[PDB]
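J.: What follows is coords-v1.txt; its format and atoms are compact mmCIF, C-alpha atoms and all ligand atoms.
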```txt
# COMPACT_ATOMS: atom_id res chain seq x y z
CA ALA A 1 8.43 26.48 50.30
CA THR A 2 9.79 24.97 53.47
CA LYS A 3 8.63 21.34 53.16
CA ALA A 4 8.75 18.66 50.48
CA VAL A 5 8.06 14.97 50.20
CA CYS A 6 8.99 12.15 47.92
CA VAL A 7 7.42 8.75 47.40
CA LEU A 8 10.06 6.26 46.23
CA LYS A 9 8.95 3.42 44.00
CA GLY A 10 10.60 1.04 41.52
CA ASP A 11 10.31 -2.16 39.47
CA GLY A 12 11.63 -4.11 42.45
CA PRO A 13 10.71 -4.18 46.18
CA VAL A 14 12.28 -0.84 47.11
CA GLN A 15 9.69 1.49 48.70
CA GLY A 16 9.86 4.48 50.97
CA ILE A 17 8.80 7.98 51.84
CA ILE A 18 11.26 10.79 52.28
CA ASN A 19 10.48 14.16 53.87
CA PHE A 20 12.38 17.44 53.47
CA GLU A 21 12.13 20.53 55.67
CA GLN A 22 13.92 23.87 55.32
CA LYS A 23 12.74 26.55 57.70
CA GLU A 24 15.05 29.25 56.38
CA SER A 25 16.18 30.16 52.89
CA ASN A 26 19.86 29.29 52.48
CA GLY A 27 19.51 27.35 55.76
CA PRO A 28 19.94 23.56 55.88
CA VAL A 29 17.52 20.96 54.61
CA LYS A 30 16.50 18.19 56.97
CA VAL A 31 15.94 14.96 55.13
CA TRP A 32 14.27 12.09 56.94
CA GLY A 33 12.14 9.05 56.46
CA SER A 34 12.31 5.31 55.81
CA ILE A 35 13.01 2.95 52.87
CA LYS A 36 12.39 -0.77 52.88
CA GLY A 37 13.09 -3.63 50.51
CA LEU A 38 16.85 -2.95 50.15
CA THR A 39 19.72 -5.37 50.38
CA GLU A 40 21.65 -4.98 53.66
CA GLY A 41 24.40 -2.32 53.44
CA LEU A 42 25.16 1.05 51.89
CA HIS A 43 23.14 2.53 49.05
CA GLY A 44 23.75 5.66 46.96
CA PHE A 45 21.09 8.29 47.60
CA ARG A 46 20.95 11.15 45.11
CA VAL A 47 18.79 13.83 43.63
CA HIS A 48 18.87 13.59 39.83
CA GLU A 49 18.25 16.51 37.44
CA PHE A 50 14.83 15.78 35.93
CA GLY A 51 11.55 14.93 37.62
CA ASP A 52 10.74 12.82 34.58
CA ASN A 53 9.63 9.36 35.34
CA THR A 54 8.16 8.56 31.88
CA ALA A 55 10.71 5.72 31.59
CA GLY A 56 11.06 4.83 35.23
CA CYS A 57 14.20 6.03 37.00
CA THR A 58 16.15 6.13 33.72
CA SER A 59 14.50 9.31 32.44
CA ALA A 60 15.55 11.17 35.63
CA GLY A 61 18.84 12.04 33.96
CA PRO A 62 22.24 12.62 35.58
CA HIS A 63 23.14 13.79 39.08
CA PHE A 64 21.63 17.18 39.82
CA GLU A 65 33.13 13.55 41.28
CA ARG A 66 30.74 15.68 43.35
CA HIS A 67 27.30 17.03 42.49
CA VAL A 68 24.82 19.13 44.42
CA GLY A 69 22.50 16.12 44.33
CA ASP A 70 24.97 13.68 45.91
CA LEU A 71 23.39 13.14 49.33
CA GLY A 72 25.78 10.27 50.12
CA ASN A 73 24.53 6.88 51.31
CA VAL A 74 21.63 5.46 53.20
CA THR A 75 22.20 2.32 55.24
CA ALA A 76 19.93 -0.72 55.14
CA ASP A 77 19.86 -3.04 58.16
CA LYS A 78 19.56 -6.83 58.03
CA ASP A 79 15.83 -6.54 57.52
CA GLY A 80 16.36 -4.38 54.43
CA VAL A 81 15.33 -1.18 56.12
CA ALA A 82 17.09 2.17 56.03
CA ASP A 83 16.02 4.81 58.51
CA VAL A 84 17.08 8.13 57.01
CA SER A 85 18.13 11.28 58.89
CA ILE A 86 20.42 13.76 57.16
CA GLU A 87 21.07 17.50 57.33
CA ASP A 88 22.36 18.94 54.07
CA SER A 89 23.33 22.55 53.35
CA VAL A 90 24.17 22.04 49.67
CA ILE A 91 20.68 21.21 48.40
CA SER A 92 17.86 23.71 48.92
CA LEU A 93 14.10 23.87 48.66
CA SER A 94 14.32 27.28 47.03
CA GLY A 95 16.55 29.21 44.58
CA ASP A 96 19.30 27.80 42.31
CA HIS A 97 20.01 24.56 44.10
CA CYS A 98 16.31 23.92 44.48
CA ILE A 99 15.45 20.19 44.28
CA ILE A 100 11.68 20.61 44.07
CA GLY A 101 10.26 18.96 40.94
CA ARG A 102 13.41 16.86 40.61
CA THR A 103 13.92 13.15 41.27
CA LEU A 104 15.25 11.40 44.36
CA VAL A 105 16.79 8.00 43.58
CA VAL A 106 18.11 5.13 45.68
CA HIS A 107 20.89 3.21 43.92
CA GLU A 108 21.96 -0.43 43.93
CA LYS A 109 25.55 0.31 44.92
CA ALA A 110 27.18 2.59 47.51
CA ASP A 111 28.34 6.11 46.74
CA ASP A 112 32.17 6.12 46.63
CA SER A 113 21.08 0.05 39.09
CA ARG A 114 18.58 2.76 39.95
CA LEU A 115 16.33 0.80 42.31
CA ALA A 116 13.51 3.27 43.08
CA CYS A 117 12.76 6.92 42.54
CA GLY A 118 10.07 9.52 42.86
CA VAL A 119 9.56 13.19 42.01
CA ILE A 120 10.14 15.64 44.86
CA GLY A 121 6.95 17.62 45.50
CA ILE A 122 5.82 20.53 47.67
CA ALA A 123 4.39 19.47 51.00
CA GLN A 124 2.11 21.12 53.47
CA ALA B 1 12.44 25.70 33.98
CA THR B 2 10.95 25.78 30.56
CA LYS B 3 9.64 22.19 30.31
CA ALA B 4 7.79 19.88 32.69
CA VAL B 5 6.10 16.53 32.59
CA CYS B 6 3.70 14.48 34.68
CA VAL B 7 2.91 10.78 34.72
CA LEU B 8 -0.70 10.21 35.75
CA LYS B 9 -1.62 7.07 37.65
CA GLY B 10 -4.39 5.94 39.99
CA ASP B 11 -6.20 2.99 41.56
CA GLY B 12 -8.20 2.30 38.40
CA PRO B 13 -7.38 2.29 34.69
CA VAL B 14 -6.86 6.00 34.23
CA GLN B 15 -3.32 6.72 33.07
CA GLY B 16 -1.31 9.09 30.86
CA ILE B 17 1.54 11.51 30.32
CA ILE B 18 1.13 15.26 30.26
CA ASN B 19 3.81 17.61 29.00
CA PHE B 20 4.22 21.33 29.70
CA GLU B 21 6.31 23.94 27.88
CA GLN B 22 6.77 27.65 28.52
CA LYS B 23 9.19 29.42 26.21
CA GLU B 24 9.27 32.62 28.24
CA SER B 25 8.58 33.24 31.90
CA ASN B 26 5.86 35.78 31.15
CA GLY B 27 4.30 33.72 28.32
CA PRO B 28 1.64 31.02 28.19
CA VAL B 29 2.18 27.37 29.10
CA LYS B 30 1.55 24.81 26.40
CA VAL B 31 0.01 21.66 27.87
CA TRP B 32 -0.37 18.51 25.84
CA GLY B 33 -0.47 14.77 25.98
CA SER B 34 -2.86 11.87 26.23
CA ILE B 35 -4.88 10.19 29.01
CA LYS B 36 -6.64 6.87 28.57
CA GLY B 37 -9.00 4.79 30.68
CA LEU B 38 -11.65 7.55 31.09
CA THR B 39 -15.39 7.45 30.68
CA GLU B 40 -16.45 9.13 27.49
CA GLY B 41 -17.01 12.82 28.01
CA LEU B 42 -15.77 15.73 30.11
CA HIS B 43 -13.49 15.33 33.16
CA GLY B 44 -12.08 17.98 35.51
CA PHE B 45 -8.35 18.65 34.93
CA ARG B 46 -6.60 20.55 37.77
CA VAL B 47 -3.35 21.33 39.47
CA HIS B 48 -3.68 20.85 43.22
CA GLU B 49 -1.54 22.59 45.82
CA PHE B 50 0.76 19.81 47.11
CA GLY B 51 2.99 17.38 45.25
CA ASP B 52 2.29 14.95 48.08
CA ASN B 53 1.03 11.58 46.98
CA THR B 54 1.81 9.64 50.19
CA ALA B 55 -1.95 8.96 50.37
CA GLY B 56 -2.56 8.77 46.62
CA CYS B 57 -4.44 11.73 45.11
CA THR B 58 -6.07 12.63 48.44
CA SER B 59 -2.92 14.12 49.91
CA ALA B 60 -2.57 16.50 46.98
CA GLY B 61 -4.89 18.84 48.89
CA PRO B 62 -7.04 21.64 47.46
CA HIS B 63 -7.04 23.39 44.07
CA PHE B 64 -3.86 25.36 43.58
CA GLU B 65 -15.10 28.84 41.84
CA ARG B 66 -12.00 29.77 39.78
CA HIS B 67 -8.48 28.85 41.07
CA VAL B 68 -5.14 29.21 39.33
CA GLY B 69 -4.81 25.43 38.95
CA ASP B 70 -8.29 25.08 37.39
CA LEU B 71 -7.30 24.11 33.81
CA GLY B 72 -10.86 23.24 32.71
CA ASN B 73 -11.88 19.87 31.33
CA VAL B 74 -10.34 17.17 29.17
CA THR B 75 -12.58 15.24 26.80
CA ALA B 76 -12.39 11.48 26.53
CA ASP B 77 -13.64 10.00 23.22
CA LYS B 78 -15.63 6.81 22.78
CA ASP B 79 -12.57 4.66 23.41
CA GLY B 80 -11.94 6.43 26.70
CA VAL B 81 -9.02 8.46 25.44
CA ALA B 82 -8.55 12.17 26.06
CA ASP B 83 -6.04 13.84 23.74
CA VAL B 84 -5.04 17.03 25.51
CA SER B 85 -3.94 20.25 23.87
CA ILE B 86 -4.12 23.57 25.56
CA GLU B 87 -2.47 26.90 26.09
CA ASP B 88 -2.77 28.41 29.53
CA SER B 89 -1.66 31.87 30.57
CA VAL B 90 -2.74 31.56 34.17
CA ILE B 91 -0.39 28.81 35.35
CA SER B 92 3.36 29.17 35.05
CA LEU B 93 6.45 27.02 35.22
CA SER B 94 8.26 29.72 37.23
CA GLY B 95 7.32 32.50 39.68
CA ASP B 96 4.41 32.63 42.21
CA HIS B 97 2.07 30.80 39.85
CA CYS B 98 4.59 27.99 39.49
CA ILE B 99 3.09 24.48 39.24
CA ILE B 100 6.41 22.55 39.34
CA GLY B 101 6.35 20.14 42.28
CA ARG B 102 2.56 20.30 42.61
CA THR B 103 0.04 17.60 41.55
CA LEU B 104 -1.91 17.31 38.34
CA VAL B 105 -5.18 15.50 38.86
CA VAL B 106 -7.83 14.16 36.50
CA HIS B 107 -11.32 13.99 38.07
CA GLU B 108 -14.36 11.70 37.77
CA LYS B 109 -16.72 14.59 37.11
CA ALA B 110 -16.63 17.57 34.78
CA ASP B 111 -15.54 21.00 35.93
CA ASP B 112 -18.64 23.16 35.36
CA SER B 113 -13.21 11.35 43.05
CA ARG B 114 -9.65 11.83 41.92
CA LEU B 115 -9.17 9.13 39.30
CA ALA B 116 -5.44 9.67 38.74
CA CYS B 117 -2.61 12.03 39.52
CA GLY B 118 1.09 12.65 39.46
CA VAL B 119 3.62 15.16 40.67
CA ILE B 120 4.70 17.70 38.05
CA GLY B 121 8.46 17.53 37.49
CA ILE B 122 11.11 19.47 35.57
CA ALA B 123 11.77 17.89 32.16
CA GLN B 124 14.62 18.04 29.68
ZN ZN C 1 27.35 12.92 41.40
ZN ZN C 2 -10.92 25.45 41.79
```
Let me see whether you can do it: turn the structure in this file into structure tokens.
Ligand SMILES: [Zn+2]
Ligand SMILES: [Zn+2]
T.:
Amino acid sequence: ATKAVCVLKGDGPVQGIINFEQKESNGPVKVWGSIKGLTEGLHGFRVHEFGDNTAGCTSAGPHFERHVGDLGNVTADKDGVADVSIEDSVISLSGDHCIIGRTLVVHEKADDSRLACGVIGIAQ
Amino acid sequence: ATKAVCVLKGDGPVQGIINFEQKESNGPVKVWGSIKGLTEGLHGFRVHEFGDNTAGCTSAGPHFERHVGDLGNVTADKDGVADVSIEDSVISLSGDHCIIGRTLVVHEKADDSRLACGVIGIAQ
């Protein structure tokens, strides 16, 4: 399990696709993609505990203060677009800190209300 | 991972929520829920390899004759509703036969077009 993908959707205009790649167990996770429809500026970007979208982003639960799921912020430009490119060694695509089957969420405000989310699935 | 859930959606009216529960990692998986918007009769019900819905159900790829993700059929009644209740000892919510982060699909034809799908996520 070295690749994953998430389709972000919400009740507003936020939309995006986020890819994850992890070539080696324990090794870093590359996280990259693009999100549009945001207000200009910083937005919280987190993996939440449950891949449960039966009630939208609300059923995703709490963060998977500092949590393993706190990826930090994405940045939207004046056009409302955030190009994402992160390396993170705290999340994983295997083992205990595995984020597969969990939910990725983009928040209304900056890290240090849930605008869009999707369940993180295994990719080819 | 002892519980999972999947929200099924497509381009047409097929929609529903499927729950999974596995008390013990060796034991069977209970699968239950409801899907509406189906033509009366049998429809193929399968877990496909990738939890990738960037291109709708198409990107979910192949079945995860007999494959591990081949759950059988669901039956829609005369109102187009399939009430699902099954116990499956082939799939799992952990291990090599894990379906978390893969895609559940309901099909136009019976197992003997992908009408809706969703990525299977960890549930509380
Ligand atoms: Zn946190
Ligand atoms: Zn098959």
J.: Taking every C-alpha atom in sequence order, what RMSD do you get when chain A is least-squares fitted onto chain B?
T.: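 My reading of the C-alpha RMSD is 0.2 Å.
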J.: Taking a cut-off of 6 Å and counting all atoms listed in the file, can you build a table that, for each residue of chain A near chain B, reports the nearest atom pair and how far apart they are in Å (one decimal), sorted by chain then residue number, as a tab-separated table?
T.:
```
residue	atom	partner	partner_atom	distance
A:50	CA	B:122	CA	5.3
A:51	CA	B:121	CA	4.0
A:52	CA	B:123	CA	5.7
A:100	CA	B:101	CA	5.6
A:101	CA	B:121	CA	4.1
A:102	CA	B:121	CA	5.9
A:121	CA	B:51	CA	4.0
A:122	CA	B:51	CA	4.9
A:123	CA	B:50	CA	5.3
```
J.: Just the number, please: distance in Å from CA of residue 108 (chain A) to CA of residue 29 (chain A), one decimal.
T.: 24.3 Å
J.: Could you pull out the residues sitting within 8 Å of ligand ZN 2 (chain C), using all atoms listed in the file, and write them as a count of residues only?
T.: 10
J.: Using CA of residue 117 (chain B) and CA of residue 56 (chain B) as the two end points, give the distance in Å to one decimal.
T.: 7.8 Å
J.: Edge lengths and centre in Å to one decimal, as JSON, of the axis-aligned box that encloses all listed atoms of region 3-8 of chain B with 6 Å added on every side?
T.:
```
{"center_x": 4.5, "center_y": 16.2, "center_z": 33.0, "size_x": 22.3, "size_y": 24.0, "size_z": 17.4}
```
J.: Which residues, written as a PDB file with C-alpha atoms, in the frame of the given file, have at least one atom at most 9 Å from residue 71 (chain A), with all atoms listed in the file counted and residues fewer than 5 positions away on the same chain left out?
T.:
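Output file out32.pdb follows:
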```
ATOM      1  CA  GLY A  44      23.750   5.660  46.960  1.00  0.00           C
ATOM      2  CA  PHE A  45      21.090   8.290  47.600  1.00  0.00           C
ATOM      3  CA  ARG A  46      20.950  11.150  45.110  1.00  0.00           C
ATOM      4  CA  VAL A  47      18.790  13.830  43.630  1.00  0.00           C
ATOM      5  CA  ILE A  86      20.420  13.760  57.160  1.00  0.00           C
ATOM      6  CA  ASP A  88      22.360  18.940  54.070  1.00  0.00           C
ATOM      7  CA  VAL A  90      24.170  22.040  49.670  1.00  0.00           C
ATOM      8  CA  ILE A  91      20.680  21.210  48.400  1.00  0.00           C
ATOM      9  CA  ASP A 111      28.340   6.110  46.740  1.00  0.00           C
TER      10      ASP A 111
END
```
J.: With all atoms listed in the file as the atoms that count, which of B:106, B:93, B:57, B:14 lies nearest to residue 72 (chain B)?
T.: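 Closest to residue 72 (chain B), using all atoms listed in the file: B:106.
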